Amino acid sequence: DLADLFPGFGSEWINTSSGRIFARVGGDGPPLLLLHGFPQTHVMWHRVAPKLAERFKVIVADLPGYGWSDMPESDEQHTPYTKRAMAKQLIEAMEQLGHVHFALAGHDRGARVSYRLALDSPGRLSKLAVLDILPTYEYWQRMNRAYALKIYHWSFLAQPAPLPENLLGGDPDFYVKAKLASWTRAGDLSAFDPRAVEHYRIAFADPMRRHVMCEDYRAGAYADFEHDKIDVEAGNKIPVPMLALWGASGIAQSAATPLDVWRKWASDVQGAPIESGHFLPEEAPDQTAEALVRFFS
């Protein structure tokens, strides 16, 4: 049914005060947490995790409310799906494993948890890697006609419930596949492992999972933006060494030169383009893995 894409990795249900976090755990050495984004699950790391697990204890976690992680009940402020709250929940998850100081790589929504984590609790991180994002504040501050059309889902999925939930329910299989295909370099699903796509499609088939994603984007339009805004206005920078990777045809390159942007947010950032669309660890697994191995070593 659902293919195990991490041969040799354990499977852990990590209890937190907000619900369980699901994780594949492999390797040995320093702890490294890998966080996926939308509309994916942890399995998006399946082609880069074995490379990392040669040198690290790799924890490949489903975000709160995504994949097989539990879905905490939201509220009017979408609090559990704010990146601040997800970061606190993942900090607690890592503590359950005895990891209070870990490396972190995130992609898409997971990268937003990751830099928020770095801003709120930089002591928790040795090094941070963000894949194909700019800070949420930067997307909203750069909002223009061009960007409104390109990341339309940022305003569409943030509409009040049940509007996106009902529309997404009109053709969920089409939408998740359209999102995967449209954001690759190829523009189709040929860069993905078909068994990974099945993981993404089955997760997107659940109306409750789709609601969580809308809660995520609702937080992204409101509370996440305000948390970022406070750090900009306070001049708060990420003091953790960080690597910013982005796809040459991805989402973050069209807004602004991502390395130039991230320097305003981080005091120690290196960056490199990857010949890829948005889904760096699947479209360019060897280049993405090499850059992550080099940086975290």
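Throughout, we count residues from 1 along the sequence that is shown.
So, looking at the entry's B-factor column for Cα atoms, which has the higher mean, 66 to 74 or 37 to 45?
Comparing 66 to 74 with 37 to 45, the higher mean C-alpha B-factor belongs to 66 to 74.
Higher-B stretch (mean Cα B-factor, as the entry records it), 203 to 211 or 217 to 225
So the stretch with the higher mean C-alpha B-factor is 203 to 211.
Assigned third (lowest, middle, highest) for the C-alpha B factor of residue 126
Middle third of the chain for residue 126's C-alpha B-factor.
Pull the Cα B-factor of residue 142 out of the PDB entry and bin it into the chain's lowest, middle or highest third.
Highest third, going by the recorded CA B-factors of the chain.
Among modelled residues of the same chain, the CA temperature factor third for residue 187:
Tercile = middle for this residue's CA B-factor.
According to the PDB entry, is the CA B factor of residue 234 in the bottom, middle or top third of its chain, that is, lowest, middle or highest?
Tercile = highest for this residue's CA B-factor.
Can you tell me which third, lowest, middle or highest, the CA B-factor of residue 31 falls into for its chain?
Bottom third by C-alpha B-factor.
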